[PDB]
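First come two forms of one protein chain, each written alone as structure tokens, so that there is a structure 1 and a structure 2.
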Structure 1
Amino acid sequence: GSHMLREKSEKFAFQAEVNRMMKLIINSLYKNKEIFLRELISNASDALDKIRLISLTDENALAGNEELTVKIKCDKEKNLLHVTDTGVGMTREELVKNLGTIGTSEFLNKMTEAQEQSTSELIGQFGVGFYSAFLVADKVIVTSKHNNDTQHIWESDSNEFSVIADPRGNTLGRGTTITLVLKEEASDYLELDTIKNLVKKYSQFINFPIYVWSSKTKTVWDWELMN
């Protein structure tokens, strides 16, 4: 039918607290923007722990994708940064609720009173590092495939968000791809050497293999282990 796209039932507004949280994060870490990559990798790691746990009790947990990895790709031409994990993934309902809504009050006051020291650790602690992606990106896209649902896409420029069934079908198998449309002034993150340095620094203590799609010398491209 056409009733879905004709009723904008895929459009959502963020919860007030999430709006306030995004601002605090953006205003707090304005001087240390590179941490966004650390947070995405951390979230990726957590997603992997979750499916690994589920695989303990569910023999079919890994049916959609046998690997447990984090792969980072730079698309300079497209101005896109991709961080893909083969973790638990998220259902449509989870994309809407986990990303659009949120000890939040305390954290709110904590974050404010934290900007009168630092918020870098607090963000990781409360698990809202995802939103730091907006420090370097104008648009944040989340493509996710959960075992209990079909692949879906969540997109946002921070002023609202939408979730749609992925017309490409199940291409992830299981997992999540965080796609960042980098702000013009954040083009440096499209550089391999830069991403490699950061990835290696923030992946050092991740219990899962983390790869960066890189080139080697003709010139060939392939996954390069960073940790």
Structure 2
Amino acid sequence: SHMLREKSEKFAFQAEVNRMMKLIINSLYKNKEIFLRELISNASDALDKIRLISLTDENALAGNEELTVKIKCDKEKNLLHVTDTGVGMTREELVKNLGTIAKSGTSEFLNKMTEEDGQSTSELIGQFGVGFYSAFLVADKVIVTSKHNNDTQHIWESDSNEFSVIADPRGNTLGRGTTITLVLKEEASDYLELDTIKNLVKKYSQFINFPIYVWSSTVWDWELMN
């Protein structure tokens, strides 16, 4: 419209990355803690996907009949867990979709991600880029435990430079869905406190149609946060 070849995937990737780049900076200038918001939204979207799938595939929720989001803090082990029972991710998705983005130099493999899928690098960046990279505002590493209906449970790790994926030695523990694990920095220890997580979760979960729980306490159990 004002530049050459704006319809190109090269331009679409740059425009999407610029958009994400501006969303994270703007959040840092106003201090908005978008990552947990993005995690709850991204978990809700995965539940929407598997529920849309269940509308046509009768045996889609067989691995896990509940549609929840469960957030858990491990102040001892310094970990943040966001677990959804959504569509889940196959190993192919973790490697060729998320892995291609997480691995450095993603802009080299734009045409490799173009050869009809309906999921291009720029589209994946616009959909999941803000949530993925805002996690590195508070975390040093992102570990993804995911079990899709058409694959076995895998575990996937990245520091936004390299990535690695193995099969879960524990087997099929999720049934279906994804657990996002953030290895938070020491300067992000505030988000291991129950009160700040419960408050932030209830804020971002007020308008979510899916039940969202937080591991709360002399006995611990899942607490409804609406």
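Sequence positions of structure 1, starting at 1, serve as the residue numbers. Here the rigid core means the biggest group of C-alpha atoms that line up within 1.5 Å when the two forms are laid on top of each other.
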Checklist entry - Among 62, 181, 29, 190, whose C-alpha is off by 2 Å or more between structure 1 and structure 2 on a rigid-core fit? => result 29
Checklist entry - Taking the rigid core as the frame, does residue 150 move its C-alpha by 2 Å or more between structure 1 and structure 2? => result no
Checklist entry - Relative to the superposed rigid core, does the CA atom of residue 128 travel 2 Å or more between structure 1 and structure 2? => result yes
Next on the checklist: After a rigid core superposition, would you say the CA of residue 14 moves by 2 angstroms or more between structure 1 and structure 2, or not?
Outcome noted: yes
Item to check | Core-fitted comparison between structure 1 and structure 2 - CA shift at residue 159, Å | outcome: 1.7
Item to check | Cα displacement of residue 97 between structure 1 and structure 2, once the rigid core is superposed (Å) | outcome: 2.6
Checklist entry - Taking the rigid core as the frame, how far in Å does the Cα of residue 87 move between structure 1 and structure 2? => result 0.3
